[PDB]
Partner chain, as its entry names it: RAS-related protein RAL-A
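Given next, in structure tokens, is a single chain: the form deposited without the partner chain.
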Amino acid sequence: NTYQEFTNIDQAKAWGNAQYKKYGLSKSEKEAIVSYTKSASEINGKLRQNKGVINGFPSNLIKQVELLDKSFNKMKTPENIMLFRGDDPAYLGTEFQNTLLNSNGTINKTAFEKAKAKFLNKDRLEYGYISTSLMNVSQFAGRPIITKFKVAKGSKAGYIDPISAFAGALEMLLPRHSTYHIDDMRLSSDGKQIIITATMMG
């Protein structure tokens, strides 16, 4: 199908803002999301280390995770939409940490080949929540990997930007334990990034 790609920040904001006012999040839900934007790396890190099992977590965290999960009952995208994300080398694996990037800042083509072999046309499970943006915003111009997720109409997806502690990200959040299938991997025009196109599943 066709996936809406925002090409203008003000249009992205107005659409996102409009989605958000309809959500009708509870007070507790909003608090959990505000806190997630402050400490996402810790939360997602614990979810990956424990493969989605929250039983051992502190009770404040168990509560926070259940509230973020429950929030996606109210937060669905009303259309097919493209979402974006910047990632550092470790995203592809420990092996890529210090091998994806040449000294001059270009993508090493041999590491690109091991990444394409490892990931192209394959499913990937993510234990954490997935923070994305409505556009390829400048916050992740410095990042070597850009992923474009194709998110179907009716899929769980929420514009949480109005209540984020941080500005400028046009932030759309996706639920934890999502699987996506990597459809395409190519180098960018200047050779400094890998562009990944993926289809988001349940």
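Numbering follows the first chain given and starts at 1.
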Give the stretch, out of 118-126 and 104-112, with the larger mean C-alpha temperature factor in the deposited entry. 104-112
Pick between 168-176 and 52-60: the one whose mean CA B-factor in the entry is higher. 52-60
Going by what the PDB entry lists, where does residue 141 fall on CA B-factor within its chain: lowest, middle or highest third? highest
Mind checking which third residue 97 falls in for C-alpha B-factor across the chain? highest
Third of chain Cα B-factors occupied by residue 39: lowest
In terms of the chain's CA B-factor thirds, is residue 147 lowest, middle or highest? lowest
Lowest, middle or highest third: which one holds residue 155 when the chain's residues are ordered by CA B-factor from the entry? middle
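Quick note: we don't show the form deposited with the partner chain bound, though the next part is all about it.
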Students should find that, of 137, 152, 34, 40, the residue having a non-hydrogen atom no more than 4.5 angstroms from the partner chain in the bound PDB entry is 34
Report whether the minimum heavy atom distance between residue 163 and the partner chain in the bound PDB entry is within 4.5 Å. yes
Would you classify residue 13 as touching the partner chain in the bound PDB entry, given a 4.5 Å non-hydrogen atom cut-off? yes
With the cut-off set at 4.5 Å between non-hydrogen atoms, does residue 148 touch the partner chain in the bound PDB entry? no
Although the partner chain is absent from this view, report whether residue 23 comes within 4.5 Å of it in the bound PDB entry, heavy atoms only. no
